[PDB]
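The chain below stands alone, shown as structure tokens; this is the form deposited in one PDB entry.
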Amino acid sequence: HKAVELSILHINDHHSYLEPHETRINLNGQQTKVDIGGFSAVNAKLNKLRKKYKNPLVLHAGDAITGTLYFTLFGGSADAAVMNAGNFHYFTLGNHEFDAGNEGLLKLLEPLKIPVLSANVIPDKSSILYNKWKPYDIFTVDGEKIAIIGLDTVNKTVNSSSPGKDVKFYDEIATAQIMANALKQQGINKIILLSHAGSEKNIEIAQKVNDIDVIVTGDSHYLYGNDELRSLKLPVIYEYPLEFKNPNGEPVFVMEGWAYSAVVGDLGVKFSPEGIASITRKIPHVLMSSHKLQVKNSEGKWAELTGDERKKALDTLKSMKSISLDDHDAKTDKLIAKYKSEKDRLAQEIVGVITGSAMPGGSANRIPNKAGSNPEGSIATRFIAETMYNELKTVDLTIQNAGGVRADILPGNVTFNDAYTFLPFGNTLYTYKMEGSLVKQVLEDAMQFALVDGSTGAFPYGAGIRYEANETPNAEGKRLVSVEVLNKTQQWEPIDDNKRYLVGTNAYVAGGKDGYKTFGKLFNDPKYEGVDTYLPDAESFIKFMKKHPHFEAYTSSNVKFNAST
């Protein structure tokens, strides 16, 4: 064996973010709105870095698809096009690759020309996905063999996505070890794992599995960063990269590249003849525009910097190694212009039709049986809760706050654009696994905030759960009268205080906003298994209409609220 060097360049979890998106940083001491990401910047940066560095290896760690209308309106073809233009060496399957079933994955893979790897996701012969990817590949650098193994997250995909029954999944840790062990006798001592298992599982693999040198990560969406990125108050979770020892005592490196086309990770690796990795270069490149630099003025308005203040802002960004400004790729620009124009036409098409009476929503209807409201209150909120309930086969009930719906939902045609109009906040679906007693408590919390302590927008409505409550609390301080949960037997049953339910809600109240105290306490406590699904609210609404293209409006809100009189 001889020593060799590799230049790993990687992204993950772009989730159909073909265009840039807004974020906030602390620049020269002030909170500043800026634009980051987009696939034109990704491809431009990959193209420039791969020509600059010896032995580049260009990787995508999964969840190419789902998250914007660029997926929904094109079935993956837009994502395939921009990925092809980046000339990635390998792509591994994520969890969202299965969101539209085997059928949906096939539609991505057909136009995609990037080699696909996944060692623990294995289709049977009759599957439409048979022979569409391989478990590993071996490439040669300066005479040396290097293996790369693909890997997906298991439970999350099986439970929260929609793979077909003819696709078999295998344990992440076992697959990683068995794959690496088999490669040894082929004279291979340099092994890369391209894994959508998430940071937590990949860190476990690093510490429990031998013979794997680098684990390029997706699924967790973590920014692995450095002091430069910390100085901008970006959400840095870990240093780029993390380092462990495996049971044999050899170093293992683990790193992710944030999400949503925001970062190109850049890791230079030298391997000893015996295949031990060391780091020669480590840069998480944040892709940023120079054109939006907005700060909040004294009237509360976000305004562009001007004059010397703008110059100082630009100078600071230009001086940073980990910020890359205004990268753009001509080919990718052409593709995105084409898809953007098509998207604007397609988004005006009808996804479904609603018949019947208007479903009351907005501020006036937040609380049932109040002046200016109606006896059912915000039926539109129940509707939104139903769109959330429809996402996951595993979910027992969902809860949505009335303030998350800004107007009545009226009968007539519903377009893709309309869904984004109905739901302007950009929430994703978030789940907890929680006892019935806590479900009762969060409803109590929300009603208390809505009626007494805060905004009426906190008032809760659910799908798969229905309740009666009094405005006036009883002797024990409780407003709830009855709570039922739908047996997914299809009969309504009394909630069970001791049963652990899988509960879905929006990301906003999941963190405890709007007085949802109970959710606030469950957040980050692993006992409750909290997870951000990254399924956007407007997209959930679109799926619901696709399922009910001729939907008869609900006439009840799953809430009976006895107002004080």
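So that there is no doubt, residue numbering starts at 1 and follows the sequence shown.
Missing coordinates between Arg406 and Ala407 amount to none of the deposited residues, so the segment is unbroken. Stretches compared: 549 to 557, 12 to 20. Higher mean C-alpha B-factor in the entry: 549 to 557. If you average the C-alpha B-factors over 167 to 175 and over 456 to 464, the higher value belongs to 456 to 464. Ranking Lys33, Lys45, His60, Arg500 by Cα temperature factor from the entry places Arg500 first. Highest C-alpha temperature factor among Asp333, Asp315, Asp213, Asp124 per the entry: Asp315. Per-chain ranking of the deposited C-alpha B factor places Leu486 in the highest third. In the deposited entry, the Cα temperature factor of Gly361 sits in the top third of values across the chain's modelled residues. Looking at the C-alpha B-factors along this chain, the one for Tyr534 belongs to the middle third. Ranked against the other modelled residues of its chain, the C-alpha B-factor of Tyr53 as given in the entry falls in the middle third. In the deposited entry, the Cα temperature factor of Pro526 sits in the top third of values across the chain's modelled residues.
What comes next is about the form deposited in another entry, which is not displayed.
Of the two rigid parts that describe the chain's movement between this form and the one not shown, a single one contains both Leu267 and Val167. Annotation: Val395/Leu73 CA-CA distance longer in the other entry than in the displayed model, change of at least 3 Å. Annotation: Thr428/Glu256 CA-CA distance longer in the other entry than in the displayed model, change of at least 3 Å.
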